[PDB]
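Engineer: Below is a structure I'd like to ask you about.
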Amino acid sequence: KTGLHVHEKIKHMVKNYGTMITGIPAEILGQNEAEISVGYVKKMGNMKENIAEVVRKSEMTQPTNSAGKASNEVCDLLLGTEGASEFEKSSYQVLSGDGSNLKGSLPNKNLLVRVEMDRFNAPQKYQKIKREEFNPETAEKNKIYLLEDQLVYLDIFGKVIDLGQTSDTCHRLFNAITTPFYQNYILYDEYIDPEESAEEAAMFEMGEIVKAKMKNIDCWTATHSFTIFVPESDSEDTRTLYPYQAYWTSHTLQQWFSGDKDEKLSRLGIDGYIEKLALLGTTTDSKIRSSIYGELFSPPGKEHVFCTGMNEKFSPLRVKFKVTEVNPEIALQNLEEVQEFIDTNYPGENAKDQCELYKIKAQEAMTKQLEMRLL
Amino acid sequence: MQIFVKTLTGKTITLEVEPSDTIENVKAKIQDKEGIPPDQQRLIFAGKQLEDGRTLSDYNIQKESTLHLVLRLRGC
Amino acid sequence: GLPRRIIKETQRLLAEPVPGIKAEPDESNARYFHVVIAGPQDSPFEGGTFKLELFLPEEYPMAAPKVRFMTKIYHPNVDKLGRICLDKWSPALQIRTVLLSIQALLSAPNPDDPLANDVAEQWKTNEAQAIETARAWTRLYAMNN
């Protein structure tokens with residue numbers, strides 16, 4: 001019972017069963033999808049056919065594509081419900097510039113790494129506003145507001161963050177920015193020449209104040225999550241890792257596994273994968289940041305188009321990790337228990353037939369509840 | 001006040017919030033309890049999608065209301 | 001009456017045009033752009049020329065430009081009206097940013113998991129049949145216009 005066998009089993013079962021790996025009864029998925037979708041039912045003509053119109057276009061049996069939910073399922077299977085709950089009580093560590101702290105936390109044992117990556121979401125817009133008209137509860141968040149006596153940052157939680165400017169300073173800036181198009185505009189315009197006008201000088205000065213204050217304000221928001229499984233190896237040079245992920249805008253863990261991207265990245269070596277992951281958080285070249293982000297986290301085949309154009313990674317990123325040991329027997333029994341649940345409640349000769357029965361039983365439960373509230 | 005967030009798999013969690021709290025504030029509290037990046041969550045209240053720049057008061061979400069956490073993006 | 005940012009972006013857009021793409025302003029309203037993108041190499045759209053229409057709202061660059069396809073294209077991200085599937089707009093982006101992403105969608109037309117239209121459903125199941133449809137429509141509507 002190796003750690004490698006654990007990798008092959010969870011890869012095999014996710015590929016074959018998709019969302020059924022969570023062990024949720026299909027009736028519950030259909031009932032919960034029903035109460036969610038009861039508003040989208042067209043109440044004009046034939047209601048019995050209008051309910052089936054919503055059931056046919058359902059996606060309750062397609063797997064989650066949230067990266068965090070995928071990581072939650074990996075931990076649940078490899079560590080167990082109780083072991084996963086203890087793992088999330090652990091605290092993340094910021095990955096070092098070279099990744100040494102992570103390279104030095106894999107002592108040739110069956111290990112599970114969980115990763116959370118943040119993007120720095122600093123403000124890029126500003127607006128002049130009078131204090132009497134400034135309502136933080138309704139105003140646009142993640143924005144600079146230049147009042148006649150104060151310069152503030154309205155963070156994503158609707159809190160007023162003071163940027164340390166005096167009334168005399170803000171009064172000068174407030175009164176120098178007079179062009180109507182510049183009352184509600186952007187920070188860091190490339191065409192603002194501070195030597196051509198007193199307005200552009202004030203706008204450039206405000207941008208410099210905001211950049212200096214924002215370096216010390218927590219604009220970090222979690223943007224991606226995944227896990228890395230590093231099984232035990234015979235030799236010190238035979239050890240490899242396996243990254244597992246879904247991605248919100250792109251793919252599921254089933255598609256990840258189906259494309260063998262876990263094994264393709266495994267061939268980079270442990271030091272090779274960590275080197276790119278560490279470079280992702282240290283580089284200041286947004287082009288290098290984009291291609292590394294695409295190489296590591298894109299669905300298989302989209303590495304070159306994942307982070308181009310509008311998806312270019314212009315913001316700083318930081319990579320955080322946490323590590324814990326895996327018991328293969330616990331993981332293989334957790335996987336076998338899911339197989340028992342699948343074989344008992346949704347029987348079939350092959351995996352494909354069991355998934356279709358699961359979907360049918362989820363669809364009829366959705367129809368039953370939708371009809372029990374609309375017929 | 002308490003609000004409830006329910007998922008497709010039946011799980012329900014209780015969040016401690018103010019009516020003036022932003023949707024990004026609610027997603028961060030979900031990150032604290034479930035470890036899900038706010039960039040990879042979607043919140044629904046009474047069939048309507050909650051946008052990130054808004055607050056719970058913009059949708060008349062009150063005490064002990066139930067939100068829906070959607071963990072599969074479906075668009076276009 | 002145009003904002004200064006739009007005027008100078010247009011000049012940089014023509015002095016340094018994005019490769020494989022040609023875009024011009026309209027004679028009357030300078031906020032409307034006529035775009036032509038070449039079909040990327042080794043793609044089902046190779047050899048084709050695709051015309052688009054781009055518009056800059058009054059809130060630009062705080063708001064994204066508005067795009068629409070002119071020539072008929074078989075793509076899981078473009079609908080029957082020419083609307084393209086793409087809340088991730090920052091003022092740092094510009095017109096060439098939007099164009100490079102549309103060009104990238106032709107270079108990799110395989111649909112994303114969230115996409116749930118039926119042009120995306122056909123590309124997912126019978127991808128071989130959908131790629132030849134994209135090759136067919138490229139020869140019909142994008143090789144003589």
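For the structure tokens, the naming scheme is as follows: chains receive sequential letters (A, B, ...) according to their order of presentation, residues are indexed from 1 within each chain, and ligands are indexed from 1 in presentation order.
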Would you write out, as JSON lines, a table of all residues in chain A that have an atom no more than 9 Å from an atom of chain B, listing for each the closest atom pair and the distance in Å to one decimal, considering only C-alpha atoms and ordering rows by chain and rising residue number?
Structural biologist:
{"residue": "A:22", "atom": "CA", "partner": "B:9", "partner_atom": "CA", "distance": 8.7}
{"residue": "A:24", "atom": "CA", "partner": "B:9", "partner_atom": "CA", "distance": 6.5}
{"residue": "A:25", "atom": "CA", "partner": "B:9", "partner_atom": "CA", "distance": 8.6}
{"residue": "A:28", "atom": "CA", "partner": "B:10", "partner_atom": "CA", "distance": 6.8}
{"residue": "A:29", "atom": "CA", "partner": "B:9", "partner_atom": "CA", "distance": 5.9}
{"residue": "A:30", "atom": "CA", "partner": "B:8", "partner_atom": "CA", "distance": 8.6}
{"residue": "A:31", "atom": "CA", "partner": "B:8", "partner_atom": "CA", "distance": 8.7}
{"residue": "A:32", "atom": "CA", "partner": "B:8", "partner_atom": "CA", "distance": 5.4}
{"residue": "A:33", "atom": "CA", "partner": "B:8", "partner_atom": "CA", "distance": 6.4}
{"residue": "A:36", "atom": "CA", "partner": "B:47", "partner_atom": "CA", "distance": 6.4}
{"residue": "A:37", "atom": "CA", "partner": "B:47", "partner_atom": "CA", "distance": 7.0}
{"residue": "A:38", "atom": "CA", "partner": "B:47", "partner_atom": "CA", "distance": 7.9}
{"residue": "A:39", "atom": "CA", "partner": "B:47", "partner_atom": "CA", "distance": 5.8}
{"residue": "A:40", "atom": "CA", "partner": "B:47", "partner_atom": "CA", "distance": 7.4}
{"residue": "A:59", "atom": "CA", "partner": "B:74", "partner_atom": "CA", "distance": 8.5}
{"residue": "A:60", "atom": "CA", "partner": "B:8", "partner_atom": "CA", "distance": 7.8}
{"residue": "A:62", "atom": "CA", "partner": "B:72", "partner_atom": "CA", "distance": 8.3}
{"residue": "A:63", "atom": "CA", "partner": "B:72", "partner_atom": "CA", "distance": 7.3}
{"residue": "A:64", "atom": "CA", "partner": "B:72", "partner_atom": "CA", "distance": 4.7}
{"residue": "A:65", "atom": "CA", "partner": "B:72", "partner_atom": "CA", "distance": 5.1}
{"residue": "A:66", "atom": "CA", "partner": "B:40", "partner_atom": "CA", "distance": 5.3}
{"residue": "A:67", "atom": "CA", "partner": "B:40", "partner_atom": "CA", "distance": 6.7}
{"residue": "A:68", "atom": "CA", "partner": "B:36", "partner_atom": "CA", "distance": 4.0}
{"residue": "A:69", "atom": "CA", "partner": "B:36", "partner_atom": "CA", "distance": 6.3}
{"residue": "A:71", "atom": "CA", "partner": "B:36", "partner_atom": "CA", "distance": 8.5}
{"residue": "A:72", "atom": "CA", "partner": "B:35", "partner_atom": "CA", "distance": 7.7}
{"residue": "A:88", "atom": "CA", "partner": "B:35", "partner_atom": "CA", "distance": 7.7}
{"residue": "A:116", "atom": "CA", "partner": "B:37", "partner_atom": "CA", "distance": 7.8}
{"residue": "A:117", "atom": "CA", "partner": "B:37", "partner_atom": "CA", "distance": 8.5}
{"residue": "A:118", "atom": "CA", "partner": "B:37", "partner_atom": "CA", "distance": 8.5}
{"residue": "A:137", "atom": "CA", "partner": "B:20", "partner_atom": "CA", "distance": 6.4}
{"residue": "A:138", "atom": "CA", "partner": "B:54", "partner_atom": "CA", "distance": 7.5}
{"residue": "A:139", "atom": "CA", "partner": "B:54", "partner_atom": "CA", "distance": 8.9}
{"residue": "A:140", "atom": "CA", "partner": "B:53", "partner_atom": "CA", "distance": 6.7}
{"residue": "A:141", "atom": "CA", "partner": "B:53", "partner_atom": "CA", "distance": 6.2}
{"residue": "A:142", "atom": "CA", "partner": "B:53", "partner_atom": "CA", "distance": 8.7}
{"residue": "A:156", "atom": "CA", "partner": "B:24", "partner_atom": "CA", "distance": 6.3}
{"residue": "A:157", "atom": "CA", "partner": "B:25", "partner_atom": "CA", "distance": 5.4}
{"residue": "A:158", "atom": "CA", "partner": "B:22", "partner_atom": "CA", "distance": 6.6}
{"residue": "A:221", "atom": "CA", "partner": "B:38", "partner_atom": "CA", "distance": 7.2}
{"residue": "A:222", "atom": "CA", "partner": "B:37", "partner_atom": "CA", "distance": 4.7}
{"residue": "A:223", "atom": "CA", "partner": "B:39", "partner_atom": "CA", "distance": 5.0}
{"residue": "A:224", "atom": "CA", "partner": "B:37", "partner_atom": "CA", "distance": 6.0}
{"residue": "A:225", "atom": "CA", "partner": "B:37", "partner_atom": "CA", "distance": 6.8}
{"residue": "A:247", "atom": "CA", "partner": "B:40", "partner_atom": "CA", "distance": 7.8}
{"residue": "A:248", "atom": "CA", "partner": "B:40", "partner_atom": "CA", "distance": 5.3}
{"residue": "A:249", "atom": "CA", "partner": "B:73", "partner_atom": "CA", "distance": 6.8}
{"residue": "A:250", "atom": "CA", "partner": "B:73", "partner_atom": "CA", "distance": 8.9}
Engineer: Store the residues picked out above, limited to C-alpha atoms, as a short mmCIF file (atom, residue, chain, number, x, y, z; two decimals), in the first residue's frame.
Structural biologist:
data_model
loop_
_atom_site.label_atom_id
_atom_site.label_comp_id
_atom_site.auth_asym_id
_atom_site.auth_seq_id
_atom_site.Cartn_x
_atom_site.Cartn_y
_atom_site.Cartn_z
CA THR A 22 -18.10 13.39 -3.05
CA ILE A 24 -23.62 12.91 -2.09
CA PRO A 25 -26.95 11.15 -2.77
CA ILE A 28 -30.10 15.74 -2.55
CA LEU A 29 -28.30 17.29 -5.53
CA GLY A 30 -31.58 17.33 -7.44
CA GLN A 31 -33.58 18.76 -4.54
CA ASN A 32 -31.04 21.52 -3.84
CA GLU A 33 -30.75 22.35 -7.54
CA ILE A 36 -32.21 27.10 -6.58
CA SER A 37 -33.79 26.91 -10.05
CA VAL A 38 -37.45 27.36 -9.07
CA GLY A 39 -37.25 31.03 -10.07
CA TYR A 40 -36.02 30.30 -13.60
CA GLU A 59 -25.82 21.00 -14.56
CA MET A 60 -26.18 19.64 -11.01
CA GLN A 62 -21.38 18.28 -13.70
CA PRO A 63 -18.40 18.57 -11.32
CA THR A 64 -17.46 21.71 -9.44
CA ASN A 65 -14.95 24.00 -11.13
CA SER A 66 -14.12 25.99 -7.99
CA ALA A 67 -10.44 25.46 -7.17
CA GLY A 68 -11.11 25.70 -3.44
CA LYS A 69 -13.88 23.10 -3.43
CA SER A 71 -8.87 21.18 -2.78
CA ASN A 72 -11.43 20.49 -0.05
CA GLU A 88 -7.17 23.77 7.79
CA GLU A 116 -3.41 29.34 -1.67
CA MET A 117 -2.30 32.07 -4.07
CA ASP A 118 -3.25 35.72 -3.58
CA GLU A 137 -21.95 51.97 2.12
CA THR A 138 -23.10 52.64 -1.47
CA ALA A 139 -20.01 54.09 -3.18
CA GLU A 140 -17.80 52.08 -5.51
CA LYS A 141 -15.37 49.91 -3.56
CA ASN A 142 -11.62 49.51 -4.13
CA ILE A 156 -13.42 46.00 -0.54
CA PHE A 157 -15.13 45.74 2.86
CA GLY A 158 -16.56 49.26 2.61
CA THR A 221 -7.28 38.51 -2.10
CA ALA A 222 -7.14 34.76 -2.66
CA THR A 223 -7.41 34.03 -6.37
CA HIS A 224 -6.43 30.36 -6.76
CA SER A 225 -6.14 27.13 -4.78
CA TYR A 247 -10.14 26.34 -12.10
CA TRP A 248 -13.21 28.61 -11.84
CA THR A 249 -13.23 29.97 -15.40
CA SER A 250 -11.74 26.93 -17.09
#
Engineer: Find the spatial neighbours of residue A:301, counting only C-alpha atoms, within a cut-off of 12 Å - ignore same-chain residues fewer than 3 positions away - and output them as a count of residues only.
Structural biologist: 22
Engineer: Give the strand (DSSP E) residues of stretch 25-119 of chain C, as assigned by DSSP on the backbone, as a ChimeraX atom specification.
Structural biologist: /C:25,32-38,49-55,66-69
Engineer: Output as CSV one row per residue of chain A within 8 Å of chain C: the closest atom pair and its distance in Å to one decimal place, counting only C-alpha atoms, sorted by chain and residue number ascending.
Structural biologist:
residue,atom,partner,partner_atom,distance
A:65,CA,C:113,CA,7.8
A:124,CA,C:91,CA,7.0
A:125,CA,C:62,CA,7.7
A:181,CA,C:3,CA,7.5
A:185,CA,C:62,CA,7.0
A:186,CA,C:91,CA,6.8
A:191,CA,C:5,CA,7.1
A:249,CA,C:114,CA,6.4
A:250,CA,C:112,CA,5.0
A:251,CA,C:113,CA,5.2
A:252,CA,C:113,CA,7.5
A:302,CA,C:108,CA,7.0
A:305,CA,C:104,CA,5.9
A:308,CA,C:101,CA,6.5
A:309,CA,C:97,CA,4.7
A:310,CA,C:97,CA,5.5
A:311,CA,C:101,CA,7.8
Engineer: Now that the selection is made, can you save its residues with N, CA, C and O atoms as a PDB file, in the first residue's frame?
Structural biologist:
ATOM      1  N   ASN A  65     -16.162  23.427 -10.553  1.00  0.00           N
ATOM      2  CA  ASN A  65     -14.954  23.998 -11.133  1.00  0.00           C
ATOM      3  C   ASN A  65     -14.327  25.042 -10.221  1.00  0.00           C
ATOM      4  O   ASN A  65     -13.423  25.765 -10.654  1.00  0.00           O
ATOM      5  N   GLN A 124      -7.198  51.300  -8.958  1.00  0.00           N
ATOM      6  CA  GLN A 124      -6.729  51.938 -10.179  1.00  0.00           C
ATOM      7  C   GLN A 124      -7.588  53.125 -10.589  1.00  0.00           C
ATOM      8  O   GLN A 124      -7.260  53.793 -11.577  1.00  0.00           O
ATOM      9  N   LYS A 125      -8.669  53.407  -9.867  1.00  0.00           N
ATOM     10  CA  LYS A 125      -9.562  54.512 -10.170  1.00  0.00           C
ATOM     11  C   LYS A 125      -9.645  55.457  -8.978  1.00  0.00           C
ATOM     12  O   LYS A 125      -9.418  55.061  -7.830  1.00  0.00           O
ATOM     13  N   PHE A 181     -13.833  65.686 -17.272  1.00  0.00           N
ATOM     14  CA  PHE A 181     -13.536  64.280 -17.511  1.00  0.00           C
ATOM     15  C   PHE A 181     -12.599  63.687 -16.466  1.00  0.00           C
ATOM     16  O   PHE A 181     -12.470  62.460 -16.401  1.00  0.00           O
ATOM     17  N   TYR A 185     -12.028  59.554 -12.694  1.00  0.00           N
ATOM     18  CA  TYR A 185     -11.096  59.076 -13.707  1.00  0.00           C
ATOM     19  C   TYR A 185     -10.248  57.926 -13.170  1.00  0.00           C
ATOM     20  O   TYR A 185     -10.701  57.155 -12.319  1.00  0.00           O
ATOM     21  N   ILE A 186      -9.016  57.806 -13.660  1.00  0.00           N
ATOM     22  CA  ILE A 186      -8.140  56.689 -13.343  1.00  0.00           C
ATOM     23  C   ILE A 186      -6.868  57.219 -12.701  1.00  0.00           C
ATOM     24  O   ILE A 186      -6.474  58.373 -12.890  1.00  0.00           O
ATOM     25  N   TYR A 191      -0.432  59.374 -19.993  1.00  0.00           N
ATOM     26  CA  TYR A 191      -0.317  60.623 -20.734  1.00  0.00           C
ATOM     27  C   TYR A 191      -0.358  61.857 -19.837  1.00  0.00           C
ATOM     28  O   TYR A 191      -0.376  62.982 -20.352  1.00  0.00           O
ATOM     29  N   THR A 249     -12.844  29.553 -14.056  1.00  0.00           N
ATOM     30  CA  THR A 249     -13.230  29.967 -15.397  1.00  0.00           C
ATOM     31  C   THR A 249     -12.874  28.945 -16.469  1.00  0.00           C
ATOM     32  O   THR A 249     -13.044  29.238 -17.656  1.00  0.00           O
ATOM     33  N   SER A 250     -12.402  27.756 -16.093  1.00  0.00           N
ATOM     34  CA  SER A 250     -11.737  26.929 -17.092  1.00  0.00           C
ATOM     35  C   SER A 250     -12.080  25.444 -17.053  1.00  0.00           C
ATOM     36  O   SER A 250     -12.506  24.892 -18.071  1.00  0.00           O
ATOM     37  N   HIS A 251     -11.870  24.769 -15.924  1.00  0.00           N
ATOM     38  CA  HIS A 251     -11.898  23.312 -15.962  1.00  0.00           C
ATOM     39  C   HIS A 251     -12.164  22.734 -14.578  1.00  0.00           C
ATOM     40  O   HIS A 251     -12.091  23.424 -13.558  1.00  0.00           O
ATOM     41  N   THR A 252     -12.460  21.436 -14.572  1.00  0.00           N
ATOM     42  CA  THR A 252     -12.656  20.642 -13.369  1.00  0.00           C
ATOM     43  C   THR A 252     -11.427  19.777 -13.102  1.00  0.00           C
ATOM     44  O   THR A 252     -10.525  19.653 -13.937  1.00  0.00           O
ATOM     45  N   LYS A 302      -3.864  24.912 -23.260  1.00  0.00           N
ATOM     46  CA  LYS A 302      -4.123  26.346 -23.295  1.00  0.00           C
ATOM     47  C   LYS A 302      -3.044  27.146 -22.573  1.00  0.00           C
ATOM     48  O   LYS A 302      -3.294  28.276 -22.145  1.00  0.00           O
ATOM     49  N   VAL A 305      -2.332  30.586 -24.321  1.00  0.00           N
ATOM     50  CA  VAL A 305      -3.434  31.527 -24.474  1.00  0.00           C
ATOM     51  C   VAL A 305      -4.130  31.823 -23.158  1.00  0.00           C
ATOM     52  O   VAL A 305      -5.083  32.615 -23.138  1.00  0.00           O
ATOM     53  N   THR A 308      -2.982  35.796 -21.817  1.00  0.00           N
ATOM     54  CA  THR A 308      -2.619  36.812 -22.795  1.00  0.00           C
ATOM     55  C   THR A 308      -3.718  37.863 -22.890  1.00  0.00           C
ATOM     56  O   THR A 308      -4.841  37.673 -22.414  1.00  0.00           O
ATOM     57  N   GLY A 309      -3.378  38.979 -23.525  1.00  0.00           N
ATOM     58  CA  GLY A 309      -4.351  40.036 -23.746  1.00  0.00           C
ATOM     59  C   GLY A 309      -4.963  40.516 -22.444  1.00  0.00           C
ATOM     60  O   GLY A 309      -4.266  40.980 -21.533  1.00  0.00           O
ATOM     61  N   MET A 310      -6.290  40.396 -22.345  1.00  0.00           N
ATOM     62  CA  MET A 310      -7.005  40.847 -21.155  1.00  0.00           C
ATOM     63  C   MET A 310      -6.693  40.004 -19.927  1.00  0.00           C
ATOM     64  O   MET A 310      -6.916  40.465 -18.802  1.00  0.00           O
ATOM     65  N   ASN A 311      -6.186  38.787 -20.110  1.00  0.00           N
ATOM     66  CA  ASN A 311      -5.855  37.909 -18.997  1.00  0.00           C
ATOM     67  C   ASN A 311      -4.391  38.003 -18.594  1.00  0.00           C
ATOM     68  O   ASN A 311      -3.922  37.175 -17.807  1.00  0.00           O
TER      69      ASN A 311
END
